[PDB]
């Protein structure tokens, strides 16, 4: 009763009872920036798995996408909002219906796994059991079974992929959205972000005081963490490709980019008014399953931004509402 509604008219045009169930994984990345992706022209092979799938036509790359801000606190709630970046007031985002609320009201079975921090309020109106902490191991009070593969005891993003079949089997003949919130490229200690298999650009910086290390060694650790994210996305897609009774999709966007020493600036979090372009420039990818019914939108005049996520998610679940009239999306609506 106490929510500012945006999509009270929302209804599904078709349901899992009259066509194949829809199964979407939305990956909320962390600190990855567009121009260190090989698929956007970076001079190093940072996403070999995604590049191969792009060459096969399975993954669609949207190029240099713009985040709404330079921090998770700002970007993550706005990513799932109806307000968009221009009218978004990070302070009062929680008073509004968000796109997760709409999908849950229409019967989509939502799971949010988090190896980062939390959903920044997005999940607060749904039952607590639909949100799972994956930045802690079970004895620490969380769920991630892949935290002891490295000397930092840091939980890994691929632990969020363990037995997602549980959720799918609990929700037969239902549309499903799974949100995975990555640790990704968070710094400054990039060398802690990936297991040794991905320690490929060398040597790396092994200190949290970035200014002290040499700039190239900071970049090397950052690009190694991208390699681990490329693998995590590949394993996510491999799991979806085995769900042959559903129509599947994986959408991936980072929450913001990262400065890597341009004009001496490192990290992120700068007020958007004068943040450098590197902090606002993010990768964006969409994978679609075999025999997909969906059509990918072409990059419009203005390019894409975080504002396209909410209409995309509504389109992937066939939701009709005036709330998305004339709004950019990564996928066209079906009719």
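Positions refer to the first chain, counted from 1.
Peer 1: Could you settle it for me: does 300-308 or 51-59 have the higher average Cα B factor in the PDB entry?
Peer 2: Per the PDB record, 300-308.
Peer 1: Can you let me know which of the two, 212-220 or 95-103, has the higher average C-alpha B-factor in the entry?
Peer 2: Higher mean C-alpha B-factor in the PDB entry: 212-220.
Peer 1: Determine which member of 186, 245, 120, 256 has the highest CA B-factor, using the values in the deposited entry.
Peer 2: Of 186, 245, 120, 256, 245 has the highest C-alpha B-factor.
Peer 1: Taking the Cα B-factors listed in the entry, which of 261, 203, 159, 138 comes out highest?
Peer 2: Of the candidates given, the C-alpha B-factor peaks at 203.
Peer 1: By the recorded C-alpha temperature factor, relative to the other modelled residues in its chain, which third is residue 130 in?
Peer 2: Bottom third by C-alpha B-factor.
Peer 1: Going by the CA temperature factor in the PDB record, which third of the chain does residue 80 belong to: lowest, middle or highest?
Peer 2: It belongs to the lowest third of the chain when residues are ordered by C-alpha B-factor.
Peer 1: Taking the chain's C-alpha temperature factors as the reference, tell me which third residue 67 falls into: lowest, middle or highest.
Peer 2: Middle third, going by the recorded CA B-factors of the chain.
Peer 1: Place residue 249 in the lowest, middle or highest third of its chain's C-alpha B-factors, as listed in the PDB entry.
Peer 2: Answer is middle: the recorded C-alpha B-factor places it there.
Peer 1: Grab the CA temperature factor for residue 25 from the record and place it in the lowest, middle or highest third of its chain.
Peer 2: Bottom third by C-alpha B-factor.
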